[PDB]
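Novice: Provided below: run19.cif, containing mmCIF, C-alpha atoms.
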data_model
#
loop_
_atom_site.label_atom_id
_atom_site.label_comp_id
_atom_site.auth_asym_id
_atom_site.auth_seq_id
_atom_site.Cartn_x
_atom_site.Cartn_y
_atom_site.Cartn_z
CA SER A 53 -61.09 19.42 9.78
CA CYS A 54 -62.41 23.05 10.03
CA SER A 55 -61.29 26.44 11.47
CA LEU A 56 -63.48 29.67 11.32
CA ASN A 57 -61.88 31.86 14.12
CA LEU A 58 -58.77 33.11 12.12
CA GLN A 59 -60.58 33.31 8.67
CA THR A 60 -60.69 37.09 7.79
CA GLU A 61 -60.77 38.40 4.11
CA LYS A 62 -64.50 38.81 3.05
CA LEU A 63 -65.56 38.22 -0.66
CA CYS A 64 -64.48 41.10 -3.04
CA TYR A 65 -63.22 43.44 -0.20
CA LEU A 76 -75.08 54.67 -0.34
CA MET A 77 -76.05 53.71 -3.99
CA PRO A 78 -76.39 49.88 -4.46
CA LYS A 79 -73.66 48.79 -6.99
CA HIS A 80 -75.43 45.46 -7.92
CA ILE A 81 -79.23 44.80 -7.89
CA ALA A 82 -80.78 41.29 -8.20
CA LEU A 83 -84.30 41.30 -9.75
CA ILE A 84 -87.03 38.66 -9.47
CA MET A 85 -89.46 39.93 -12.14
CA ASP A 86 -92.69 38.39 -10.73
CA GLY A 87 -96.33 39.57 -11.12
CA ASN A 88 -96.68 39.34 -15.00
CA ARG A 89 -99.26 36.45 -15.09
CA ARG A 90 -101.28 38.12 -12.30
CA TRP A 91 -100.98 41.46 -14.20
CA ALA A 92 -102.46 39.82 -17.36
CA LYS A 93 -105.30 37.97 -15.54
CA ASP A 94 -106.61 41.14 -13.76
CA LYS A 95 -106.55 43.02 -17.16
CA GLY A 96 -108.60 40.01 -18.53
CA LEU A 97 -105.61 39.19 -20.85
CA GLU A 98 -104.05 35.78 -21.75
CA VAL A 99 -100.87 34.95 -19.68
CA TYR A 100 -98.80 35.59 -22.89
CA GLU A 101 -99.67 39.37 -22.78
CA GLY A 102 -97.97 39.58 -19.33
CA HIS A 103 -94.88 37.62 -20.49
CA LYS A 104 -94.44 40.17 -23.38
CA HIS A 105 -93.75 42.96 -20.80
CA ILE A 106 -90.63 41.24 -19.31
CA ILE A 107 -87.83 42.12 -21.80
CA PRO A 108 -88.94 45.74 -22.63
CA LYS A 109 -89.49 46.44 -18.88
CA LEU A 110 -86.01 45.00 -18.11
CA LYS A 111 -84.45 47.34 -20.75
CA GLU A 112 -86.37 50.31 -19.24
CA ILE A 113 -85.04 49.40 -15.72
CA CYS A 114 -81.44 49.10 -17.12
CA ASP A 115 -81.57 52.65 -18.63
CA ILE A 116 -83.00 54.22 -15.40
CA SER A 117 -80.51 52.22 -13.26
CA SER A 118 -77.55 53.26 -15.51
CA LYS A 119 -78.36 56.99 -14.85
CA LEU A 120 -78.48 56.44 -11.04
CA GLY A 121 -74.91 54.92 -11.21
CA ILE A 122 -75.91 51.22 -10.61
CA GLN A 123 -73.20 48.99 -12.27
CA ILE A 124 -74.77 45.46 -12.36
CA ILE A 125 -78.29 43.99 -12.68
CA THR A 126 -78.82 40.20 -12.33
CA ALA A 127 -82.36 39.38 -13.51
CA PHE A 128 -84.13 36.00 -13.05
CA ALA A 129 -85.59 35.56 -16.60
CA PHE A 130 -86.26 31.76 -16.71
CA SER A 131 -86.12 29.44 -13.66
CA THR A 132 -85.67 25.63 -13.97
CA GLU A 133 -89.34 25.45 -12.65
CA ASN A 134 -90.60 26.77 -16.05
CA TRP A 135 -89.84 23.26 -17.54
CA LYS A 136 -92.92 21.98 -15.52
CA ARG A 137 -95.49 24.10 -17.52
CA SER A 138 -97.51 23.18 -20.69
CA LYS A 139 -95.31 22.71 -23.84
CA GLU A 140 -97.12 25.68 -25.53
CA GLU A 141 -96.22 27.98 -22.55
CA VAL A 142 -92.52 26.78 -22.44
CA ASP A 143 -92.40 26.97 -26.29
CA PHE A 144 -93.84 30.59 -26.17
CA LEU A 145 -91.27 31.60 -23.50
CA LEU A 146 -88.18 30.05 -25.27
CA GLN A 147 -89.27 31.69 -28.59
CA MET A 148 -89.97 35.03 -26.74
CA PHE A 149 -86.40 35.26 -25.23
CA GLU A 150 -84.91 35.45 -28.78
CA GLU A 151 -86.16 39.11 -28.54
CA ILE A 152 -83.17 39.71 -26.17
CA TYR A 153 -81.17 40.31 -29.44
CA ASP A 154 -83.63 42.98 -30.77
CA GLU A 155 -83.89 44.84 -27.39
CA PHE A 156 -80.17 44.81 -26.39
CA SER A 157 -77.90 44.28 -29.50
CA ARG A 158 -78.04 48.02 -30.53
CA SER A 159 -78.19 49.32 -26.86
CA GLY A 160 -75.44 50.73 -24.55
CA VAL A 161 -75.97 47.75 -22.08
CA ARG A 162 -73.34 44.93 -21.73
CA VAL A 163 -75.33 41.62 -21.69
CA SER A 164 -74.14 38.22 -20.22
CA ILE A 165 -76.31 35.06 -19.83
CA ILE A 166 -75.75 32.56 -16.92
CA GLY A 167 -77.52 29.19 -16.80
CA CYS A 168 -77.43 25.92 -18.80
CA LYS A 169 -77.45 27.14 -22.46
CA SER A 170 -77.17 23.52 -23.81
CA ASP A 171 -80.90 22.84 -22.91
CA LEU A 172 -82.12 25.84 -25.00
CA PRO A 173 -83.04 25.72 -28.75
CA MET A 174 -79.91 26.49 -30.89
CA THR A 175 -81.85 29.54 -32.27
CA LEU A 176 -82.12 30.94 -28.68
CA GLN A 177 -78.50 29.71 -28.08
CA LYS A 178 -77.26 31.67 -31.16
CA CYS A 179 -79.32 34.87 -30.35
CA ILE A 180 -77.83 34.65 -26.79
CA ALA A 181 -74.30 34.20 -28.31
CA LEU A 182 -74.84 37.09 -30.83
CA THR A 183 -76.21 39.35 -28.01
CA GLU A 184 -73.13 38.73 -25.77
CA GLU A 185 -70.79 39.28 -28.79
CA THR A 186 -72.30 42.59 -30.10
CA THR A 187 -72.67 44.14 -26.54
CA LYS A 188 -69.32 42.80 -25.12
CA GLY A 189 -67.64 46.25 -25.59
CA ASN A 190 -70.28 48.44 -23.84
CA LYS A 191 -68.71 50.09 -20.72
CA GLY A 192 -71.98 51.09 -18.94
CA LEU A 193 -74.40 48.89 -16.95
CA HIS A 194 -73.68 45.11 -17.02
CA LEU A 195 -76.97 43.14 -17.32
CA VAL A 196 -76.61 39.44 -16.30
CA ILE A 197 -79.70 37.50 -17.54
CA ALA A 198 -80.32 34.24 -15.56
CA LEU A 199 -81.92 31.89 -18.19
CA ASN A 200 -82.38 28.19 -17.25
CA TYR A 201 -80.57 29.02 -13.96
CA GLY A 202 -80.90 28.03 -10.27
CA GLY A 203 -78.94 28.58 -7.02
CA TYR A 204 -78.55 24.76 -6.53
CA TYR A 205 -77.34 24.49 -10.20
CA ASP A 206 -74.61 27.19 -9.67
CA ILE A 207 -73.32 25.55 -6.41
CA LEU A 208 -73.33 22.06 -8.11
CA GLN A 209 -71.50 23.16 -11.30
CA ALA A 210 -68.93 24.90 -9.03
CA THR A 211 -68.53 21.70 -6.86
CA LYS A 212 -68.01 19.56 -10.04
CA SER A 213 -65.37 22.06 -11.30
CA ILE A 214 -63.43 21.84 -7.98
CA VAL A 215 -63.64 17.97 -7.97
CA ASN A 216 -62.07 17.95 -11.51
CA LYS A 217 -59.26 20.33 -10.45
CA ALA A 218 -58.52 18.06 -7.38
CA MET A 219 -58.48 14.80 -9.44
CA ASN A 220 -55.86 16.51 -11.76
CA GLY A 221 -53.67 17.59 -8.78
CA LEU A 222 -54.47 21.37 -9.25
CA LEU A 223 -55.55 21.95 -5.60
CA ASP A 224 -55.56 20.27 -2.16
CA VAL A 225 -58.75 19.98 -0.01
CA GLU A 226 -57.04 22.58 2.32
CA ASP A 227 -57.08 25.14 -0.61
CA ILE A 228 -60.95 24.99 -0.78
CA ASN A 229 -62.11 28.36 0.65
CA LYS A 230 -64.74 31.15 0.08
CA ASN A 231 -62.50 32.85 -2.57
CA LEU A 232 -61.70 29.65 -4.54
CA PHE A 233 -65.35 28.49 -4.52
CA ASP A 234 -66.59 31.99 -5.58
CA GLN A 235 -64.26 32.01 -8.68
CA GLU A 236 -66.08 28.80 -9.91
CA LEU A 237 -69.70 30.19 -9.70
CA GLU A 238 -71.38 31.75 -12.82
CA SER A 239 -72.48 34.72 -10.55
CA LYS A 240 -69.28 35.99 -8.81
CA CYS A 241 -68.74 38.86 -6.35
CA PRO A 242 -69.30 41.73 -6.13
CA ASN A 243 -72.59 40.05 -5.00
CA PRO A 244 -75.99 41.87 -5.03
CA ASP A 245 -76.28 44.76 -2.45
CA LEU A 246 -80.08 44.70 -2.92
CA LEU A 247 -82.61 42.14 -4.14
CA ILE A 248 -85.98 43.49 -5.45
CA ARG A 249 -88.84 41.03 -5.94
CA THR A 250 -92.12 42.33 -7.49
CA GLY A 251 -95.51 40.56 -7.23
CA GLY A 252 -95.84 40.22 -3.42
CA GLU A 253 -94.04 36.85 -2.60
CA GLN A 254 -91.38 37.02 0.19
CA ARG A 255 -89.09 34.16 -1.03
CA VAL A 256 -85.98 33.90 -3.27
CA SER A 257 -87.35 30.83 -5.22
CA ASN A 258 -83.84 29.24 -5.80
CA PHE A 259 -82.61 32.39 -7.63
CA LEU A 260 -79.16 32.99 -6.04
CA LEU A 261 -78.30 31.26 -2.75
CA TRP A 262 -74.51 31.66 -2.17
CA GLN A 263 -74.54 35.21 -3.59
CA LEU A 264 -77.38 36.49 -1.26
CA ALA A 265 -75.53 35.94 2.08
CA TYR A 266 -75.40 39.73 2.94
CA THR A 267 -77.98 41.06 0.39
CA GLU A 268 -80.76 43.48 1.60
CA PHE A 269 -84.18 41.95 0.69
CA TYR A 270 -86.90 44.32 -0.71
CA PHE A 271 -90.30 42.74 -1.53
CA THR A 272 -93.01 44.92 -3.14
CA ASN A 273 -96.64 44.12 -4.02
CA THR A 274 -96.07 46.15 -7.30
CA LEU A 275 -96.48 43.79 -10.35
CA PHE A 276 -93.43 43.78 -12.70
CA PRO A 277 -95.23 45.51 -15.65
CA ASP A 278 -96.22 48.45 -13.29
CA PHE A 279 -92.66 48.70 -11.82
CA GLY A 280 -91.27 52.09 -12.95
CA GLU A 281 -88.67 54.72 -12.13
CA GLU A 282 -90.68 55.85 -9.01
CA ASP A 283 -90.88 52.23 -7.72
CA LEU A 284 -87.09 51.79 -8.25
CA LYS A 285 -86.16 55.10 -6.49
CA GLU A 286 -88.43 54.06 -3.55
CA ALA A 287 -86.54 50.68 -3.23
CA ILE A 288 -83.18 52.56 -3.34
CA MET A 289 -84.25 55.16 -0.68
CA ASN A 290 -85.44 52.26 1.53
CA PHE A 291 -81.96 50.65 0.97
CA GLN A 292 -80.26 53.96 2.08
CA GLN A 293 -82.40 54.26 5.31
CA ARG A 294 -81.48 50.64 6.28
CA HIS A 295 -77.74 51.64 6.06
CA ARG A 296 -78.33 54.75 8.31
CA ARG A 297 -80.10 52.44 10.83
CA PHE A 298 -77.74 49.35 10.77
CA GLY A 299 -74.53 50.50 8.91
#
If you convert what's in this file into structure tokens, what do you get?

Specialist:
Amino acid sequence: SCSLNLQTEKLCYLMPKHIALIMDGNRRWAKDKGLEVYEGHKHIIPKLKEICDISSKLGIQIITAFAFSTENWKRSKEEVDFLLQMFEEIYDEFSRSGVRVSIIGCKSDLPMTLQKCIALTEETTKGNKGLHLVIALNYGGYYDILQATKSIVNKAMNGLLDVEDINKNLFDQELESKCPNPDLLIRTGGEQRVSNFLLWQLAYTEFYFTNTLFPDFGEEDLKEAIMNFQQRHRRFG
């Protein structure tokens, strides 16, 4: 059965509280400087830290950043190997910062070195009360919905819930990215797609696509995206 006409609520009841980031344009950035792809990749973590510090001053509370999609597993070993090595630098950039860092995604597929850096990073930052950075590493929208579905099937087979208890709120509590959902998605590098980043979480998100390449994306670029977000609310709010 189904019924939508008496279903009120809404998930989790002018500045965007939560920004989702697709950090694209780094390979393109390297190629048009005549640099190896690896020189572009090296900009990702330090640029993400720079955006966190700017965002924290503007009163943004959450950033979810798409660091490593499941599609990365389809590139040359050397490129994957570079990238999985490179993300250990999350410890160096964030462990002694004022940013609270969580990772979402399938940790088990990552080298135990990366797994332990990730675990150390979450542990040392867990007490920071400023911006919460969620880093999506080996993460997909399909993955999040499937791991949630599996969790609900387990609960049902152990008599913890009835099919009639399955609703927006119950499902949401089982996802790795939970509401409050992103108010604004920013994608750099010119593509106008979400590339299986978040699916469930983007239902009411404002989409902002810029041709700016991630390594050129600075405080000015961010304030422009936010002012655009504010004019959309005056027009459609």

Novice: Please tabulate, as JSON lines, the residues of stretch 106-199 of chain A that come within 8 Å of stretch 269-290 of chain A, each with its closest pair of atoms and the distance in Å to one decimal, counting all atoms listed in the file and ordering rows by chain, then residue number upward.

Specialist:
{"residue": "A:106", "atom": "CA", "partner": "A:277", "partner_atom": "CA", "distance": 7.3}
{"residue": "A:109", "atom": "CA", "partner": "A:277", "partner_atom": "CA", "distance": 6.7}
{"residue": "A:113", "atom": "CA", "partner": "A:280", "partner_atom": "CA", "distance": 7.3}
{"residue": "A:116", "atom": "CA", "partner": "A:281", "partner_atom": "CA", "distance": 6.6}

Novice: Take the residues from that selection and write them out as a CSV table (one decimal), keeping the file's coordinate frame, keeping C-alpha atoms.

Specialist:
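Written out: out.csv:
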chain,number,residue,atom,x,y,z
A,106,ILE,CA,-90.6,41.2,-19.3
A,109,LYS,CA,-89.5,46.4,-18.9
A,113,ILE,CA,-85.0,49.4,-15.7
A,116,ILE,CA,-83.0,54.2,-15.4

Novice: For atom CA of residue A:144 and atom CA of residue A:172, determine how far apart the two atoms are, in Å to one decimal place.

Specialist: 12.7 Å

Novice: Would you mind listing what lies within 12 Å of residue A:227 as a count of residues only, with all atoms listed in the file counted and same-chain residues fewer than 6 positions away left out?

Specialist: 5

Novice: For the atom pair atom CA of residue A:249 and atom CA of residue A:163, what is the interatomic distance in Å to one decimal place?

Specialist: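 Atom CA of residue A:163 lies 20.8 Å from atom CA of residue A:249.
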
Novice: Pick the closest to residue A:170 from A:187, A:149, A:122, A:200: which is it, counting only C-alpha atoms?

Specialist: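 Going through A:187, A:149, A:122, A:200 one by one, the smallest distance to residue A:170 is for A:200.
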
Novice: Within 8 Å of (-79.0, 25.5, -7.4) in the file's own coordinates, which protein, DNA or RNA residues have an atom, counting all atoms listed in the file? List them as an MDAnalysis selection string.

Specialist: chainID A and resid 201:208 258:261

Novice: Would you mind reading off the distance between atom CA of residue A:82 and atom CA of residue A:246, one decimal, in Å?

Specialist: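 Distance between the two atoms: 6.3 Å.
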
Novice: Can you work out which one of A:124, A:161, A:85, A:54 has the shortest atom-to-atom distance to residue A:251, counting all atoms listed in the file?

Specialist: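 Nearest candidate to residue A:251 out of A:124, A:161, A:85, A:54: A:85.
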
Novice: Given the file above and the PyMOL selection byres ((chain A and resi 92) around 12), which residues are selected, and can you give them as an NGL selection string?

Specialist: :A and (86-91 or 93-105 or 275-278)
